[PDB]
């Protein structure tokens, strides 16, 4: 047998190779939540299609938990900017829904961590709370709606992820034969 577990197989640990064989099995079984929890907990593969769909839907808690399997907020400048942009968007969405109690909660719990790095910016962000419409601020005058803003932010998040040394090499799923785990275990058990 000259066959590797998969085409790029001999390059990682066996645990990493088993994770990829399992990911394909879970996908073929349609165990979708298990797929993304395994991606996140192992940190071996960042599923860009899944991240896009979760951002498109504004599932911010899930977006942050998913990212947390790959990076900490303060890891590097790209990770910092990724989290900042997501939390800034959640905050702007709260203001747009005229929910000031929720916006101050996002400001205090999610955006305050950025004040250490840039004090004046956190003050400017805070000051958006008192505007009748945040679009009054020059830098946000072009903000359309929830759909348009999530799409524009996602274009930026994708570029930041692709440039981030912690993700840049976890973005391509390896090349596996069809139902590889199922085929190998079935022959090993026989």
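Numbering follows the first chain given and starts at 1.
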statement: Taking the deposited Cα B-factors and averaging over 148 to 156 and over 41 to 49, the higher mean is found in 148 to 156
Higher-scoring stretch by recorded Cα B factor average, 101 to 109 or 114 to 122: 114 to 122
message: Among 34, 164, 59, 141, where is the Cα B factor highest in this entry?
response: 141
Per the PDB entry, maximal CA B factor within 10, 18, 176, 171: 10
task: Ordered by C-alpha B-factor within the chain, which third holds residue 55? Give me lowest, middle or highest, please.
output: middle
